[PDB]
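One chain comes next, on its own, written as structure tokens: the form deposited without neopterin.
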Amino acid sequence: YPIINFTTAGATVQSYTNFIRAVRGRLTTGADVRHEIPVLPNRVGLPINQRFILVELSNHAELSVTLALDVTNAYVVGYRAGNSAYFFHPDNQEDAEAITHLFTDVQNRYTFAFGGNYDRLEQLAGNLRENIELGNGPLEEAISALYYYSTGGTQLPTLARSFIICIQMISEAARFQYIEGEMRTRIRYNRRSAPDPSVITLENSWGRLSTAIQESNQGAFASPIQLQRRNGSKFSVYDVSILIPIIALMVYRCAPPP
């Protein structure tokens, strides 16, 4: 499976940008595009040899971890740290069988009983996304946390918090240039900060947005979608046009019309 590398050690806006750009290139072929927005591969009939991509994260502490992302939704399905790999609770028999194709040579394999969805992770973390700082420092720390979990150096709440950081800085950034932009800002000024409502709402609305766009009539939504500004004020999206600079990838929702 394709591997993309990134390190928090000496990270810059440019190195982070190249990284996210590479992730997007491995996530989608670039064949399916709608109203200028790339669509991730349809999971139906997708060969298992093209189902995942690996993201190896390293940090200043010289510690590395490898996350496994599902190309059909950009989810982080699990990770390997040394001789141990951990997977989030599979959701269907298909996903359960699919992850056995990852890190096939790790000595110890484990499957968590919980999922990687935010509601769950925030619950185990004891903190909501809005109270979890993001940036290069948090990422660097998240990597170490993930690394020492198997040896008992990381408590579950910290592990969950770490997943929340990685998922947003990798998967969400890949999905939205607007969140990749938020992370670029954090790196550029070396400031760690929790995601504002604009980031939070985009993250929660990815599925709805992907579907609205794909089912739109020549780009116009049948029903508007409500997002939030940085100050938390509400604003409506009635067309795909306004999302072009915001969403970089969509989950496959339907076949494109003639």
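A residue's number is simply how far along the shown sequence it sits, counting from 1. Only residues modelled in both forms are compared. For clarity, a rigid core is taken as the largest C-alpha set superposing within 1.5 Å between two forms.
Not on display, but discussed next: the form deposited with neopterin bound.
Q: Under a 4.5 angstroms heavy atom criterion, identify the one residue in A160, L134, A85, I167 near neopterin in the entry with it bound.
A: Contact with neopterin in the entry with it bound is made by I167 alone.
Q: Using heavy atoms only and a 4.5 Å cut-off, determine which of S150, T185, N117, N108 is in contact with neopterin in the entry with it bound.
A: Exactly one residue meets the criterion: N117.
Q: How about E203 - does it come within 4.5 Å of neopterin in the entry with it bound, if we only consider non-hydrogen atoms?
A: Yes - in the entry with it bound, heavy atoms of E203 and neopterin come within 4.5 Å of each other.
Q: If we define contact as a non-hydrogen atom of the residue within 4.5 angstroms of the partner, is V76 a contact of neopterin in the entry with it bound?
A: Heavy-atom contact with neopterin at 4.5 Å: present for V76.
Q: Residue by residue through 161-189, which ones have a non-hydrogen atom no more than 4.5 angstroms from neopterin in the entry with it bound?
A: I167, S171, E172, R175, in sequence order.
Q: Fit on the rigid core and then flag the segments of at least 3 consecutive residues whose Cα positions all differ by 2 Å or more between the shown form and the other one.
A: Shifted run of three or more residues, which all move 2 Å or more: only 256-258.
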